[PDB]
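Data block below; observations after.
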Amino acid sequence: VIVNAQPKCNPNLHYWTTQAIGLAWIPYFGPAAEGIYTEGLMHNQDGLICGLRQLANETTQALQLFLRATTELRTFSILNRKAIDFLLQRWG
Amino acid sequence: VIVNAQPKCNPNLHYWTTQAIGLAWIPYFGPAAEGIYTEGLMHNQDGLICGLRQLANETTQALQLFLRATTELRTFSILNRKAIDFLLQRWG
Amino acid sequence: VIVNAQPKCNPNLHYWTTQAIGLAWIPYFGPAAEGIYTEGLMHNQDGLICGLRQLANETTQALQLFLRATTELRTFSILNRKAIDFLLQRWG
Amino acid sequence: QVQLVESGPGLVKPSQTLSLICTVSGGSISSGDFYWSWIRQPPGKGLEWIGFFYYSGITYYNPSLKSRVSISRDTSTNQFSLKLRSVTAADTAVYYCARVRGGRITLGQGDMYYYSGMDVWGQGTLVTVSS
Amino acid sequence: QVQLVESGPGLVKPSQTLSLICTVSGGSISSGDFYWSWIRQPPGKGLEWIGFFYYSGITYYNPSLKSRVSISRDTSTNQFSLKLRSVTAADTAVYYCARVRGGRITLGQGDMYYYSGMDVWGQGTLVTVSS
Amino acid sequence: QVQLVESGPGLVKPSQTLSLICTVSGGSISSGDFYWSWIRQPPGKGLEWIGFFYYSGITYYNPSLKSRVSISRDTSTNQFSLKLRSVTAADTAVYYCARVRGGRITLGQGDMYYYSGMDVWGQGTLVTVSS
Amino acid sequence: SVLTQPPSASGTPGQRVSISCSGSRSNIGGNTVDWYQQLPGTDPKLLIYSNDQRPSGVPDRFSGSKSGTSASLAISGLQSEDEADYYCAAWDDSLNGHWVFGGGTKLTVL
Amino acid sequence: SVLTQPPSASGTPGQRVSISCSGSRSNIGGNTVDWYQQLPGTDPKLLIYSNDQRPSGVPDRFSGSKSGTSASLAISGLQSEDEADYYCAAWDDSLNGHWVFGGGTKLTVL
Amino acid sequence: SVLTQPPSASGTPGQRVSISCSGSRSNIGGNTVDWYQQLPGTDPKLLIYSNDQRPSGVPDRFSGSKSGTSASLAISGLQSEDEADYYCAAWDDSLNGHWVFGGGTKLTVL
Amino acid sequence: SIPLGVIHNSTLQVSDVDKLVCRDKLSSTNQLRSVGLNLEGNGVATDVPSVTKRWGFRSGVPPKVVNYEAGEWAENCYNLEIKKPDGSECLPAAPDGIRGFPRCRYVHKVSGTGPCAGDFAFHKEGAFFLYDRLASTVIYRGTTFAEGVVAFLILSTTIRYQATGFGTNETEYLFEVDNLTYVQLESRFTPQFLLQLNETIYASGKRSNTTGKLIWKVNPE
Amino acid sequence: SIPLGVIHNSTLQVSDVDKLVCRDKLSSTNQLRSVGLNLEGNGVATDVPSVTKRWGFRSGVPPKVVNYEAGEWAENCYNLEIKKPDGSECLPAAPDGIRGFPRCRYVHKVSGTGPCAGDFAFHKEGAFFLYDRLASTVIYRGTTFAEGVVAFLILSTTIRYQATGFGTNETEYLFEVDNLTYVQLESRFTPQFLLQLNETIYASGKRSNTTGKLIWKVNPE
Amino acid sequence: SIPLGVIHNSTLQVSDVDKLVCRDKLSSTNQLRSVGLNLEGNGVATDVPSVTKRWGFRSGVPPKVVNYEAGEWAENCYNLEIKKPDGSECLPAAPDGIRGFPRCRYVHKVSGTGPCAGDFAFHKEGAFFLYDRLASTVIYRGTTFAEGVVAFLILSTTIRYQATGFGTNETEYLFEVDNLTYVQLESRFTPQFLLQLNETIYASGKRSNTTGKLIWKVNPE
Ligand SMILES: *[C@@H]1O[C@H](CO)[C@@H](O[C@@H]2O[C@H](CO)[C@@H](O[C@@H]3O[C@H](CO[C@H]4O[C@H](CO)[C@@H](O)[C@H](O)[C@@H]4O)[C@@H](O)[C@H](O[C@H]4O[C@H](CO)[C@@H](O)[C@H](O)[C@@H]4O)[C@@H]3O)[C@H](O)[C@H]2NC(C)=O)[C@H](O)[C@H]1NC(C)=O
Ligand SMILES: *[C@@H]1O[C@H](CO)[C@@H](O[C@@H]2O[C@H](CO)[C@@H](O[C@@H]3O[C@H](CO[C@H]4O[C@H](CO)[C@@H](O)[C@H](O)[C@@H]4O)[C@@H](O)[C@H](O[C@H]4O[C@H](CO)[C@@H](O)[C@H](O)[C@@H]4O)[C@@H]3O)[C@H](O)[C@H]2NC(C)=O)[C@H](O)[C@H]1NC(C)=O
Ligand SMILES: *[C@@H]1O[C@H](CO)[C@@H](O[C@@H]2O[C@H](CO)[C@@H](O[C@@H]3O[C@H](CO[C@H]4O[C@H](CO)[C@@H](O)[C@H](O)[C@@H]4O)[C@@H](O)[C@H](O[C@H]4O[C@H](CO)[C@@H](O)[C@H](O)[C@@H]4O)[C@@H]3O)[C@H](O)[C@H]2NC(C)=O)[C@H](O)[C@H]1NC(C)=O
Ligand SMILES: *[C@@H]1O[C@H](CO)[C@@H](O)[C@H](O)[C@H]1NC(C)=O
Ligand SMILES: *[C@@H]1O[C@H](CO)[C@@H](O)[C@H](O)[C@H]1NC(C)=O
Ligand SMILES: *[C@@H]1O[C@H](CO)[C@@H](O)[C@H](O)[C@H]1NC(C)=O
Ligand SMILES: *[C@@H]1O[C@H](CO)[C@@H](O)[C@H](O)[C@H]1NC(C)=O
Ligand SMILES: *[C@@H]1O[C@H](CO)[C@@H](O)[C@H](O)[C@H]1NC(C)=O
Ligand SMILES: *[C@@H]1O[C@H](CO)[C@@H](O)[C@H](O)[C@H]1NC(C)=O
Ligand SMILES: *[C@@H]1O[C@H](CO)[C@@H](O)[C@H](O)[C@H]1NC(C)=O
Ligand SMILES: *[C@@H]1O[C@H](CO)[C@@H](O)[C@H](O)[C@H]1NC(C)=O
Ligand SMILES: *[C@@H]1O[C@H](CO)[C@@H](O)[C@H](O)[C@H]1NC(C)=O
């Protein structure tokens with residue numbers, strides 16, 4: 001599994017995210033971008049928060065090398081590539 | 001189904017689209033961009049044209065909110081995402 | 001199959017590509033971009049090198065027309081589209 | 001360039017018709033593409049329009065005078081005149097003949113109008129209404 | 001604006017206590033938010049600080065003189081003075097009274113210090129130590 | 001800097017060989033890295049080249065004179081001369097000695113050539129061909 | 001004197017000043033508004049036409065505008081020669097082509 | 001006189017003028033073209049070399065070009081001192097290194 | 001004379017010159033460093049404070065810096081009136097608030 | 001969360017995402033489309049003052065775009081050059097990747113001024129500005145665009161106008177015939193009717209006879 | 001080669017790529033996430049001199065970015081305006097698509113100078129600079145960013161500081177209270193402790209009484 | 001409509017799209033490639049005048065790019081700095097994302113002028129200009145690029161030249177040895193042969209002895 005084997009870890013998370021109907025859905029009447037975020041708090045139930053920290057720590061190395069090797073300055077394709085490989089491995 | 005429940009609807013469509021071999025396929029000899037379009041007309045057979053108008057009217061709201069929540073200034077990924085979900089729902 | 005039916009063909013290839021762990025993985029300490037390439041040589045075993053040349057010659061025409069018809073100035077989606085069609089044709 | 005020069009009795013008696021004539025020279029207000037008008041300025045007052053006439057026979061009048069004013073012209077003399085019936089003390093004013101810019105008037109098929117307005121003034125003739 | 005003027009015997013005998021007094025006017029070094037100091041400059045030498053005094057009673061002294069120097073003031077006369085016991089030949093110098101910029105001194109709750117430093121000099125009084 | 005000065009008989013008889021000599025000073029056309037030439041300008045005419053000589057022994061001649069002209073030099077006197085056999089009336093001209101820019105000439109392994117061309121003129125000597 | 005104008009306006013030489021005009025949709029909110037400048041002792045001259053166009057001979061300090069049923073004249077630095085009775089005018093559609101002038105504003109140079 | 005040159009050229013002082021030159025691939029279309037300026041009564045001086053380079057002493061008004069088997073001299077504002085016989089020249093390869101001059105153009109300042 | 005200063009400095013009028021200062025973390029590497037200018041025959045004046053701030057009356061040619069336990073005074077074009085004994089100073093924390101001056105540098109204008 | 005329609009043997013159906021429809025077949029991505037539609041196709045008014053009133057300014061809201069494969073021809077397409085009252089630009093010139101809408105019978109180009117308090121003019125109903133092949137949430141300067149919407153499925157002259165009060169409720173527009181010839185713009189005039197006014201004036205020759213421009217009233221008759 | 005984690009009934013598991021895990025179900029792309037994490041969440045120091053030392057300059061290495069769907073709030077977020085010793089800019093202003101990090105209690109804005117030999121400041125440990133929703137390999141000028149990392153899964157005030165020696169090992173920072181009022185910055189002072197120093201000085205009124213700025217030592221006690 | 005090739009047990013086969021080939025397996029996207037090939041690999045001439053003649057100007061045709069994972073080394077790669085006859089630039093400087101082709105033995109850099117009537121120089125045969133990892137339909141200024149094509153599959157010195165008539169049929173080029181030393185460029189001279197001419201002249205020292213540049217004929221022998 002994923003283990004955060006380092007001296008410190010924050011056991012909580014304070015979230016922000018971009019994750020009703022009306023004029024608010026029209027850019028003209030809706031809020032400025034700083035207001036389109038939602039939030040909340042979560043506890044480190046089952047060690048999930050610290051494990052996430054290690055995942056990000058492992059990811060950083062793979063990701064920096066990945067980005068180094070590409071031509072795309074702005075890459076938002078990683079999750080889509082994963083979805084494609086997910087199916088190809090079973091139905092290739 | 002999709003119903004265009006509003007006071008007016010144009011029952012036809014006059015189309016343009018970017019949908020032989022020779023030097024024309026070489027940018028150097030080929031036409032300027034205003035000339036790469038093809039066209040045609042279609043009738044509202046079976047109510048399809050008006051239904052399309054409503055689809056676009058429903059889409060607008062979902063789309064404006066979608067775009068609001070992203071980081072991509074130029075998003076051409078919507079149809080690709082749909083193709084991926086199409087298969088994942090049956091073969092996830 | 002793919003046949004390079006033209007007067008000349010180079011029967012070899014001298015490759016470059018962007019295809020260990022340490023500080024080298026950190027952009028701050030790692031090499032400049034001219035140094036991130038690897039290389040090697042290959043022979044035209046079974047006619048593969050010349051066939052590749054023809055593939056690129058056929059591709060050029062399809063590709064120039066394809067690019068002409070799109071809005072994306074920087075298109076890196078071709079291989080992803082192929083992967084999607086690959087699965088859709090069998091599991092559509 | 002075009003002169004519009006007022007002439008009249010100066011002194012007009014109460015109740016008669018006041019008749020002022022403008023003599024035109026240097027162009028032809030009475031027959032070319034012009035509107036012209038009469039305007040008056042009572043001493044101490046602003047500008048009060050009396051009426052318009054377009055050379056072909058189109059007229060407009062101040063509502064207070066629609067029952068009292070008549071404007072006409074003679075294209076053979078290039079003169080035009082203002083007639084105000086029942087002149088009274090309240091009509092003492094400097095009367096002016098005036099030109100509406102010519103060549104600035106569009107009259108069309110029906111649903112069309114002009115783009116005209118005033119430029120050239122005459123000198124002004126004071127009319128005193130008294131016994 | 002504030003004057004700081006040195007006065008003393010000029011000639012002081014070896015082993016006695018040297019006592020120099022500064023008279024202050026144009027402001028109040030002795031009672032306002034100031035540090036002041038004594039500095040000396042032996043002929044041919046640089047500037048050697050003798051000691052500081054903050055009007056409320058805060059002092060600092062040159063380590064070589066910590067056992068020899070005492071600085072005090074009288075807020076009723078707006079005068080202050082320097083006392084150096086056992087004056088010797090090595091102490092011949094021009095002695096100066098000096099002002100530390102006032103209103104530049106923060107003394108806080110404990111873990112706080114000032115932002116002060118020197119600006120105004122007195123004239124300097126030469127003290128000769130001899131028999 | 002380098003002078004190239006023509007000298008000759010002035011009057012030459014029809015059918016003899018015309019011989020003009022250039023005396024060179026201020027440098028050495030005859031032995032340094034130079035081409036030099038003879039050029040003539042018949043009165044009323046343009047410039048007609050006669051021939052070239054590169055100090056090491058390389059020559060070129062006007063096709064019309066290839067059978068008639070010989071150019072040679074003496075490196076011991078730094079003089080060079082032009083010989084035209086069978087001089088005729090058509091050869092009356094001002095004859096000039098001239099320098100091809102030196103140090104501008106590349107002669108290589110075979111498939112190489114120069115980058116040279118002319119700069120310095122002599123004064124010109126008129127040669128009259130007559131009885 | 002249908003179009004309301006202030007009875008007066010003023011400012012010092014070099015001062016930016018303006019004169020308002022107010023009517024209805026039959027006149028100002030109908031047609032364009034012209035302005036005239038009447039120097040003391042003489043007839044008014046066309047000063048502004050078609051809301052903001054200058055007649056030849058009218059200096060650049062004169063400008064103006066039209067909005068709704070309101071209109072305005074402005075002088076971008078008042079001169080002593082500008083002491084005058086200023087008038088606004090337009091065609092009145094409700095009276096079928098009646099020419100309307102405003103009250104007239106007395107502009108005083110200080 | 002192998003390279004064709006116009007017999008004359010002209011213009012007023014300050015006028016931009018030019019002189020053409022025309023040969024073959026053995027000369028102009030072979031080698032570079034130099035130009036010379038012969039003032040009346042004297043020998044020609046190198047004016048232009050290597051198509052467009054100026055010899056020291058030649059003013060900035062002198063320029064030129066080479067294209068194909070044609071060449072040109074130009075003066076960017078003609079001076080009275082420029083009245084002259086102008087000549088174009090190059091090595092002729094077909095004659096194995098023959099020096100060729102053009103006919104010579106008489107440039108008249110008006 | 002705790003903070004090391006060169007015994008002298010020099011340059012011609014108009015020359016850019018500088019005077020160094022060196023101590024420890026208890027003084028220069030502790031607090032800020034002020035500089036004083038002592039013209040011959042008189043008391044020193046505050047010249048620079050808080051490393052690079054000028055007292056009113058001090059000209060723009062005077063500047064300075066602090067880094068680590070070192071400090072410097074600079075004159076952006078030396079004037080003849082700048083012949084002076086220059087001093088650096090700061091509070092010495094290890095001695096609990098001892099005022100420290102450097103040795104003093106004699107700047108000579110040439 | 002974006003709806004999609006599908007073409008069935010019957011009509012245009014809603015593509016559901018909760019029910020997996022096993023009769024919906026997608027063998028290739030070449031069956032996917034993005035089509036641009038105009039608002040005029042649903043009866044939305046196109047006369048200039050009735051159009052500009054639907055647009056307005058905001059800031060703090062960044063622009064976004066999406067593309068098209070195909071779309072509707074516009075009868076009425078717009079091109080703005082509006083400056084602030086102080087002469088500065090209201091909108092930035094369109095960025096790289098933007099070209100004008102490909103097909104239109106009449107382009108309504110407006111030159112004028114008005115308040116422009118935001119960064120961009122946004123559509124008040126949320127409709128998109130349609131460029132050559134890209135839809136945008138904002139209007140870009142100097143570029144011809146149509147006003148409309150986008151649907152996702154699985155299978156020429158220019159009239160110039162002048163303007164004032166561009167960003168206000170109380171505004172005014174003129175139809176341009178010539179440099180000194182204008183008529184008041186009125187909502188009862190279709191592009192053809194306006195051109196008929198141009199034919200009448202241009203041909204009669206009764207155009208401004210002064211140095212400035214004159215504006216014709218057009219009689220309501 | 002990029003690892004991914006998955007949420008299991010137990011804990012966060014490694015998503016393998018060599019073993020095809022048939023118990024891992026993905027019915028839609030709406031189960032995919034990119035989450036931003038801060039380095040302070042693993043105990044990394046946030047005091048300004050302890051932060052800037054982790055950043056430094058390089059050239060020949062172009063920048064890259066990736067995005068986020070969600071992320072952590074920062075307690076400490078940074079904003080730099082650093083010039084070279086000659087007054088030129090160290091870093092380019094952030095490009096289009098970059099906006100500041102969306103949520104933070106304290107922003108540490110630093111105005112100052114120092115050597116900047118490269119094109120960009122890169123993180124020395126390879127961490128990313130986090131902007132509104134984009135992670136970047138470089139620091140952009142004038143923009144607020146958090147320092148952190150990204151994980152992929154399948155399911156407010158500002159304190160200004162002055163600086164010198166920005167690009168050196170031997171550096172100095174000041175905490176700003178007022179235009180002429182500074183205190184030396186020390187690592188034992190948390191944002192709250194620094195603000196308490198601002199309250200003490202501001203309130204006592206004992207601020208610079210000269211034309212230039214004065215710097216307070218803060219006694220170690 | 002773009003063809004793809006596949007690697008079979010035999011040879012490189014055409015990937016069909018009408019016949020679903022059930023023997024073609026794709027377990028991951030890591031089996032997909034984009035490879036750049038040079039035109040010289042098919043015998044296309046590389047001598048400068050024989051290269052520039054294949055390029056030319058057009059407008060109204062926007063540029064497009066695609067990328068590479070890998071590609072061929074170029075023996076001959078080009079870099080242009082061509083100005084219009086009036087001194088203005090023919091081509092814009094390459095945009096962000098463009099860097100020069102990564103590997104080449106000889107770069108042919110040309111400094112000169114000629115007519116440039118379009119916006120960009122396009123390849124007349126439709127070949128792409130190859131930059132570091134991007135293929136482009138156009139030539140960008142100041143950037144080194146190779147001339148070539150792209151295939152999709154499922155699994156160093158610089159010589160400077162001067163030029164005139166860049167955009168014409170009748171053109172001329174020079175090989176640069178020194179600032180005042182040029183030789184006429186001729187098609188029989190390979191990069192090595194040209195360098196041998198540089199060795200001969202440079203070493204003999206017989207270089208221009210005037211203020212301007214001189215041009216050597218090189219004897220055809
Ligand atoms: C998707 O499909 C729906 C349904 O067809 C469209 O619905 C329209 O939405 C607009 C905007 O909300 C509505 O406009 C409003 O009209 C009110 C007056 O209604 C009468 O008069 C109009 C003509 O002026 C007639 O068309 C209408 O039938 C009525 O007779 C105004 O008072 C409203 O003004 C207020 O809201 C706007 C919001 O933008 C503010 O700017 C104003 O200042 C003010 O506060 C408003 O203008 C329209 O009536 C709806 N039509 C129908 C049939 O329901 C969507 O527009 C469509 N969306 C897209 C992108 O295509
Ligand atoms: C992913 O997770 C790993 C493991 O938790 C993190 O590992 C850290 O990596 C950094 C950088 O390599 C290490 O930093 C080094 O610390 C040395 C001193 O160690 C002692 O002192 C520090 C405090 O100063 C304590 O934190 C530490 O526990 C020790 O007591 C320094 O001497 C090193 O300096 C040299 O390398 C750097 C490299 O950037 C150069 O700039 C210097 O000039 C010099 O050459 C260095 O600073 C750190 O100790 C590691 N921690 C642990 C627990 O192993 C990764 O950083 C993390 N990555 C990301 C992106 O989040
Ligand atoms: C994909 O693969 C094909 C097949 O191998 C390549 O085909 C070549 O295409 C070019 C361009 O159409 C052809 O070039 C033409 O050559 C004519 C002369 O042919 C003789 O001389 C040449 C050398 O000059 C020899 O190579 C050739 O074998 C013959 O002996 C010219 O007259 C043509 O000029 C006209 O068309 C061009 C078009 O660009 C205009 O610019 C000119 O002004 C003029 O109108 C032209 O140059 C070439 O002959 C074809 N080769 C073969 C073997 O068929 C494709 O080029 C290749 N594509 C890519 C992108 O790689
Ligand atoms: C315009 O004025 C000129 C005199 O300058 C006159 O000849 C012409 O007829 C006028 N135009 C019209 C339409 O009346
Ligand atoms: C600052 O100086 C003024 C005199 O100019 C004095 O009145 C004031 O008290 C001083 N400030 C402090 C804090 O001492
Ligand atoms: C160039 O000219 C100089 C005299 O200025 C001469 O000494 C030198 O030898 C010449 N160069 C060659 C190659 O002849
Ligand atoms: C709307 O109209 C009112 C008058 O009824 C006016 O006061 C207001 O300023 C106008 N608003 C805008 C944006 O023009
Ligand atoms: C008016 O009609 C003329 C007819 O020659 C035409 O040239 C002109 O473009 C038209 N003007 C407008 C605004 O359409
Ligand atoms: C690091 O410190 C040393 C002194 O110990 C100094 O010489 C060196 O220049 C410093 N390096 C940097 C980048 O500041
Ligand atoms: C210091 O406290 C005051 C209280 O009024 C506040 O306005 C100011 O912003 C604070 N300064 C800093 C640097 O936080
Ligand atoms: C092509 O050559 C001809 C001469 O044969 C010339 O007239 C024409 O202008 C040239 N075209 C170009 C583009 O250089
Ligand atoms: C010519 O050879 C020299 C040898 O020292 C070299 O430095 C120079 O770069 C070469 N020139 C060219 C154009 O290759």
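Please note that chains go A, B, ... in the order of the structure tokens, that every chain numbers its residues from 1, and that ligands are numbered from 1 in the order shown.
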Using DSSP on the backbone coordinates, identify the residues of range 19-80 of chain C assigned to helix (DSSP H, G or I); present them as a ChimeraX atom specification. /C:23-25,33-35,45-68,78-80
Within 6 Å of ligand 2, which residues show up when you count only C-alpha atoms and all ligand atoms? List them as a list in words, please.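 Listing the residues within 6 Å of ligand 2 gives residues 6 and 57 of chain A; 124, 125, 126 and 127 of chain K.
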I want to know what sits within 9 Å of range 70-83 of chain E, based on only C-alpha atoms, with residues of the same chain fewer than 4 positions away left out; could you give that as a ChimeraX atom specification? /E:4,17-25,27-31,37-38,50-53,55,57,59,61,65-66,97
All residues within 9 Å of ligand 8 are required, counting only C-alpha atoms and all ligand atoms; please report them as a PyMOL selection string. chain J and resi 157-161+175-178+194-203
Contacts of ligand 11, 6 Å or closer, only C-alpha atoms and all ligand atoms, given as an NGL selection string: :L and (168-170)
Write the residues of the preceding selection, restricted to C-alpha atoms, as a JSON list (two decimals), in the first residue's frame.
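Below is the file result01.json, written as the result:
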[["chain", "number", "residue", "atom", "x", "y", "z"],
["L", 168, "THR", "CA", 13.06, 34.49, -56.73],
["L", 169, "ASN", "CA", 13.90, 31.74, -59.32],
["L", 170, "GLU", "CA", 17.18, 33.60, -60.30]]
Counting only C-alpha atoms, collect the residues of chain J whose closest atom lies at most 12 Å from chain D, and write them out as a VMD selection string. chain J and resid 180 to 184 186 188 to 189 193 to 194 196 to 221
Could you pull the residues within 6 Å of residue 15 in chain I, counting only C-alpha atoms, minus those fewer than 4 positions along the same chain, as a PyMOL selection string? chain I and resi 11+77-78
So that I can check the secondary structure, give me every residue of range 6-36 of chain I assigned strand (DSSP E or B) by backbone DSSP, as a ChimeraX atom specification. /I:8-11,16-22,34-36
Can you write out the residues you just picked, keeping N, CA, C and O atoms, as an mmCIF file, in the first residue's frame?
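Written out: again-v8.cif:
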data_model
loop_
_atom_site.group_PDB
_atom_site.id
_atom_site.type_symbol
_atom_site.label_atom_id
_atom_site.label_comp_id
_atom_site.auth_asym_id
_atom_site.auth_seq_id
_atom_site.Cartn_x
_atom_site.Cartn_y
_atom_site.Cartn_z
ATOM 1 N N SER I 8 43.396 54.014 5.323
ATOM 2 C CA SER I 8 43.251 55.064 4.352
ATOM 3 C C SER I 8 42.537 54.592 3.114
ATOM 4 O O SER I 8 42.387 53.393 2.855
ATOM 5 N N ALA I 9 42.123 55.559 2.332
ATOM 6 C CA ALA I 9 41.477 55.354 1.056
ATOM 7 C C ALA I 9 41.817 56.538 0.196
ATOM 8 O O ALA I 9 42.178 57.587 0.724
ATOM 9 N N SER I 10 41.763 56.397 -1.114
ATOM 10 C CA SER I 10 42.045 57.563 -1.927
ATOM 11 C C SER I 10 41.511 57.470 -3.333
ATOM 12 O O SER I 10 41.187 56.390 -3.839
ATOM 13 N N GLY I 11 41.491 58.623 -3.971
ATOM 14 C CA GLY I 11 41.145 58.736 -5.375
ATOM 15 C C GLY I 11 41.160 60.180 -5.800
ATOM 16 O O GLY I 11 41.282 61.060 -4.958
ATOM 17 N N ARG I 16 35.169 57.132 -8.363
ATOM 18 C CA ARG I 16 34.344 56.387 -7.441
ATOM 19 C C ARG I 16 35.279 55.690 -6.477
ATOM 20 O O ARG I 16 36.208 54.990 -6.894
ATOM 21 N N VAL I 17 35.038 55.896 -5.195
ATOM 22 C CA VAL I 17 35.867 55.290 -4.163
ATOM 23 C C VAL I 17 35.020 54.603 -3.107
ATOM 24 O O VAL I 17 33.835 54.910 -2.965
ATOM 25 N N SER I 18 35.628 53.718 -2.323
ATOM 26 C CA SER I 18 34.905 53.114 -1.215
ATOM 27 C C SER I 18 35.798 52.777 -0.039
ATOM 28 O O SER I 18 37.022 52.647 -0.159
ATOM 29 N N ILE I 19 35.154 52.679 1.116
ATOM 30 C CA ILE I 19 35.779 52.343 2.374
ATOM 31 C C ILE I 19 35.128 51.124 3.006
ATOM 32 O O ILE I 19 33.931 51.120 3.309
ATOM 33 N N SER I 20 35.919 50.091 3.235
ATOM 34 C CA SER I 20 35.391 48.880 3.836
ATOM 35 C C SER I 20 35.342 48.959 5.373
ATOM 36 O O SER I 20 36.002 49.803 5.990
ATOM 37 N N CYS I 21 34.561 48.038 5.981
ATOM 38 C CA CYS I 21 34.389 47.843 7.415
ATOM 39 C C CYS I 21 34.194 46.345 7.720
ATOM 40 O O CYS I 21 33.443 45.649 7.027
ATOM 41 N N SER I 22 34.882 45.825 8.746
ATOM 42 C CA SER I 22 34.722 44.404 9.106
ATOM 43 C C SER I 22 34.742 44.055 10.602
ATOM 44 O O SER I 22 35.645 44.414 11.370
ATOM 45 N N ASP I 34 25.904 52.256 10.753
ATOM 46 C CA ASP I 34 25.860 53.665 10.441
ATOM 47 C C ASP I 34 27.263 54.113 10.065
ATOM 48 O O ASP I 34 28.242 53.475 10.454
ATOM 49 N N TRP I 35 27.367 55.195 9.307
ATOM 50 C CA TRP I 35 28.658 55.782 8.980
ATOM 51 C C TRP I 35 28.682 57.248 9.307
ATOM 52 O O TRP I 35 27.674 57.943 9.129
ATOM 53 N N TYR I 36 29.855 57.723 9.696
ATOM 54 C CA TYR I 36 30.089 59.115 9.989
ATOM 55 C C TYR I 36 31.250 59.693 9.184
ATOM 56 O O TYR I 36 32.246 59.011 8.931
#
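Among the candidates G:67, G:105, G:80, G:12, the one nearest to ligand 7 when counting only C-alpha atoms and all ligand atoms is G:67.
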Specify as a PyMOL selection string all residues of chain J found within 12 Å of chain L, counting only C-alpha atoms. chain J and resi 27-30+96-99
Next, dump the selected residues to file, keeping only C-alpha atoms, as a PDB file, in the first residue's frame.
ATOM      1  CA  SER J  27     -17.843   2.249 -33.565  1.00  0.00           C
ATOM      2  CA  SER J  28     -15.704   5.322 -34.121  1.00  0.00           C
ATOM      3  CA  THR J  29     -15.055   8.879 -32.974  1.00  0.00           C
ATOM      4  CA  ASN J  30     -16.017   9.953 -36.480  1.00  0.00           C
ATOM      5  CA  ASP J  96      -4.462  34.007 -32.056  1.00  0.00           C
ATOM      6  CA  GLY J  97      -6.736  31.172 -33.068  1.00  0.00           C
ATOM      7  CA  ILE J  98      -9.638  33.534 -33.708  1.00  0.00           C
ATOM      8  CA  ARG J  99     -10.880  34.261 -37.203  1.00  0.00           C
TER       9      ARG J  99
END
Write out as a PyMOL selection string which residues come within 6 Å of range 70-82 of chain K when counting only C-alpha atoms, dropping same-chain ones fewer than 3 positions away. (chain A and resi 14-17) or (chain K and resi 35-37+90+103-113+141-146)
Hey, what's within 12 Å of range 31-39 of chain C if we count only C-alpha atoms and toss same-chain stuff fewer than 2 positions away? As a VMD selection string, please? (chain A and resid 65 to 71) or (chain C and resid 13 to 19 23 to 29 41 to 42) or (chain K and resid 58 to 63 118) or (chain L and resid 69 to 73 99 to 104 132 to 133)
